[PDB]
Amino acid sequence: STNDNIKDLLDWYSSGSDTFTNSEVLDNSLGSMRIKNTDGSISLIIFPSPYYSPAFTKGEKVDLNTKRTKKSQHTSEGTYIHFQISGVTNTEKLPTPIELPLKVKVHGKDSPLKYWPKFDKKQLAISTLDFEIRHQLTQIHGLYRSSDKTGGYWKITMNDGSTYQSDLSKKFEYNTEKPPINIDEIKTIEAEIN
């Protein structure tokens, strides 16, 4: 039925993000960031895309919602080092959480939701919004699990026409993502499969 192009997308998309908060920055280099989460552990986050370079300085308070590109490390010195790609953002939260309008469609007929989260942030990195949608896709809506369901797209459409998108059939092009958006200004999000 399928091939590595799917087995591997099935892996990365079904698993799960990390979600840290009020972490500090231990250094900011070109497309590279070394943070320290509240729990003593430090993270080596990278930033492919030139459009998306975060300029948070040593001392600031950041939030992660990144994903690990490889299993973690334990130095025989007592410090847990993560290896995660993108996600860093600011600690602005909204007074009372909202749930982003998403609507998965499977070849025509409306597909209802099963356990789609309640968001409390203002600025969510597009890496995050991708992982969410596709995560909720590979799980409840069963994507990358059957030959019948190997492709499609999703579409965020803002409260001022701007649009963003991605094609389920390839991993999010991390090397070209634009900065984190205020999720309260999303008119709608969509997803359609096959």
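Note that residue numbering follows the sequence shown and begins at 1.
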| In the PDB record, does 75-83 or 90-98 carry the higher mean Cα temperature factor? | 90-98
| task | Averaging the C-alpha B factors as listed in the entry, name the stretch that ends up higher: 160-168 or 122-130. | result | 160-168
| field | Deposited CA B-factor, highest of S29, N37, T57, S49 | value | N37
| field | Lowest, middle or highest third - CA B-factor, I45 | value | middle
| task | Sorting the chain's modelled residues by C-alpha B-factor, tell me whether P179 ends up in the lowest, middle or highest third. | result | middle
| said: Please say which third, lowest, middle or highest, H135 falls into when its CA temperature factor is compared across its chain. | reply: highest
| request: Grab the CA temperature factor for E185 from the record and place it in the lowest, middle or highest third of its chain. | output: highest
| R68, C-alpha B-factor rank within chain (lowest, middle or highest third) | highest
